[PDB]
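J.: Got a sequence here, can you build the structure:
(chains A, B and C, ligands or ions: 2)
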Amino acid sequence: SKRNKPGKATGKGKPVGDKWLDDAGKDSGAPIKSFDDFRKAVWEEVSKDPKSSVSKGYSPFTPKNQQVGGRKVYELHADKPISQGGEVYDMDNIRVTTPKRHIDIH
DNA sequence: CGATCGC
DNA sequence: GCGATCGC
Ligand SMILES: [Zn+2]
Ligand SMILES: [Zn+2]
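T.: Residues are numbered from 1 along each chain as shown, chains lettered A, B, ... in the order given. Ligands and ions are numbered 1, 2, ... in the order given. Right below this line is the structure:
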């Protein structure tokens, strides 16, 4: 299982602004030791880049209507799936999504 | 030995 | 380790 076995970061990401999560629950989605540690380290720098969630590392909750049942936070979708070639840590491949947006696509 | 996302 | 949704 790739998502567990370790790797290193690649890809610059893309430039956005203060209203950057609105594009998570839209279409493709918003750009940006284990993926278990990389996700934290993503949202830990979301706190330090100018709330209580991100600061401890967790994913922030979404709007009520972009939630599906017990799925309620932002999700890092891999555009090109890992089983079919996709690089886990391709900062360029990861799309910030919401439970409903993510669900449709798949 | 489900895939794919979260804690 | 564990939890969630979808599954033609
Ligand atoms: Zn996905
Ligand atoms: Zn199962």
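J.: Write out the residues of chain A neighbouring DNA strand B.
T.: Taking CB under 7 Å from any atom of the strand as the contact definition, chain A meets DNA strand B at A:3, A:35-36, A:39-40, A:58-59, A:73-78, A:81-83, A:102, A:106. C-beta here means a position set from N, CA and C on the backbone, and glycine is covered the same way.
J.: Can you narrow the residues you listed down to the ones near DNA strand C?
T.: Restricting the residues of chain A next to DNA strand B to those near DNA strand C by CB under 7 Å from any atom of the strand leaves residue A:36.
J.: Just the buried ones from the residues of chain A next to DNA strand B?
T.: Among the residues of chain A next to DNA strand B, the ones that count as buried by 16 or more other CB atoms under 10 Å are A:35, A:39-40, A:58-59, A:74-78, A:102.
J.: Reformat these as JSON lines; add secondary structure.
T.: Formatted as JSON lines, these follow (DSSP: H, G, I helix; E, B strand; the rest coil):
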{"residue": "A:35", "secondary structure": "helix"}
{"residue": "A:39", "secondary structure": "helix"}
{"residue": "A:40", "secondary structure": "helix"}
{"residue": "A:58", "secondary structure": "coil"}
{"residue": "A:59", "secondary structure": "coil"}
{"residue": "A:74", "secondary structure": "coil"}
{"residue": "A:75", "secondary structure": "strand"}
{"residue": "A:76", "secondary structure": "strand"}
{"residue": "A:77", "secondary structure": "strand"}
{"residue": "A:78", "secondary structure": "strand"}
{"residue": "A:102", "secondary structure": "helix"}
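J.: would CSV of these with distance to residue A:91 be doable?
T.: Putting those into CSV (distance: CB to CB, whole Å) gives the following:
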residue, distance to residue A:91
A:35, 12
A:39, 12
A:40, 15
A:58, 19
A:59, 16
A:74, 15
A:75, 16
A:76, 10
A:77, 13
A:78, 11
A:102, 18
